[PDB]
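In structure tokens, one chain follows: the form deposited in one PDB entry.
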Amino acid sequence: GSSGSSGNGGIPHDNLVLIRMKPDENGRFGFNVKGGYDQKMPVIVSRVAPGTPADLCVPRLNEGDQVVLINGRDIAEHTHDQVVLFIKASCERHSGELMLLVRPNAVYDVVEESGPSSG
């Protein structure tokens, strides 16, 4: 091991989930989003396909993960078109990775359904 000897940082008080992943050869991901300042609505994942750097990475980006920020940027005042482009931009610069701060969805999930016997 060499070419290192560097380490400094500090996670935010908040306890949100951070997504760590890298762009593909061409620079494309496997996770789609929807919403934005345009629709005065938050940007939440819509669909996630397999064999992608967004489904294999950890923590895996599952449906529902609402993106609060990107690489430490307020992508709230940016319309879909803008946001979509923002993420791509990262590609341009090598030094750096694709980080997405998503908030978890804590909620009890209980289901039950039984049926009698015709007889």
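The numbering used is simple: start at 1 and walk along the sequence shown.
Although not depicted, the form solved in complex with a partner chain is the subject of the following passage.
Colleague: Taking 4.5 angstroms as the cut-off for heavy atoms, does residue 74 touch the partner chain in the deposited bound form?
Modeller: Looking in the deposited bound form, residue contacts with the partner chain do not include residue 74, since no heavy atom lies within 4.5 Å.
Colleague: Would residue 78 count as a contact of the partner chain in the deposited bound form, using a 4.5 angstroms cut-off between non-hydrogen atoms?
Modeller: Close contact is absent here: in the deposited bound form, residue 78 is far from the partner chain, nothing within 4.5 Å, heavy atoms only.
Colleague: When the contact criterion is heavy atoms within 4.5 Å, does residue 33 count as touching the partner chain in the deposited bound form?
Modeller: Yes - in the deposited bound form, heavy atoms of residue 33 and the partner chain come within 4.5 Å of each other.
Colleague: Quick one: is residue 68 in contact with the partner chain in the deposited bound form, heavy atoms, 4.5 Å cut-off?
Modeller: No - in the deposited bound form, heavy atoms of residue 68 and the partner chain never come within 4.5 Å of each other.
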